[PDB]
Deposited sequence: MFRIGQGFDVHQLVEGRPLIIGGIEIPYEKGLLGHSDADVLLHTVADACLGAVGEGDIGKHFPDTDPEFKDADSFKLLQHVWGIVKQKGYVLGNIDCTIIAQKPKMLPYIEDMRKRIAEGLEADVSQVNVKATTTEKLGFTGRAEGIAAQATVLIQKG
């Protein structure tokens, strides 16, 4: 058995907050707006994993209104989501993710995002793909995941 999931998120850009994407802090004048660290890539990854196993989305498991998830580290939240997936008997097949952002340039941080995502999904880096495009009020991300019994 394999199962498929998909995630899509957008976060608003704003001054004063730090920019964190795929678990990596990126030097920039504007961070993303959110109640947790607002890592839009790790949120999308988490939502794709939740969706593959039929467990709604991260809003359902870590609500915005829950003070416990104020300034939450989104890598920790991904680890908990991955606990839910493992409990259903699944491991990672592979994941393919896209960051949509006009600025900053993501290329110098992509390889550490992949390591970080792999770590959070307990997989090898060869199972994780991250790309960026630009095509500027926010940063979006999309992810598609295939999980397998294991």
property	result
Deposited-sequence ranges lacking C-alpha coordinates, in sequence order	136-143
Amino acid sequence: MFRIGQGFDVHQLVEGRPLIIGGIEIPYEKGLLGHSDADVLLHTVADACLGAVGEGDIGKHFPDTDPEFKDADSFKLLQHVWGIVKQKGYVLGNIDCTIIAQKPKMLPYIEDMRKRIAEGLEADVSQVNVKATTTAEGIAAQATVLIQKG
From here on, numbers count along this sequence of modelled residues.
property	result
Stretch with the higher entry mean CA B-factor, where the candidates are 66-74 and 47-55	66-74
109-117 versus 32-40 - greater average Cα B-factor per the deposited record	32-40
Lowest, middle or highest third - CA B-factor, residue 127	lowest
Third of the chain, ranked by Cα B-factor, where residue 83 sits	middle
Third of the chain, ranked by Cα B-factor, where residue 97 sits	lowest
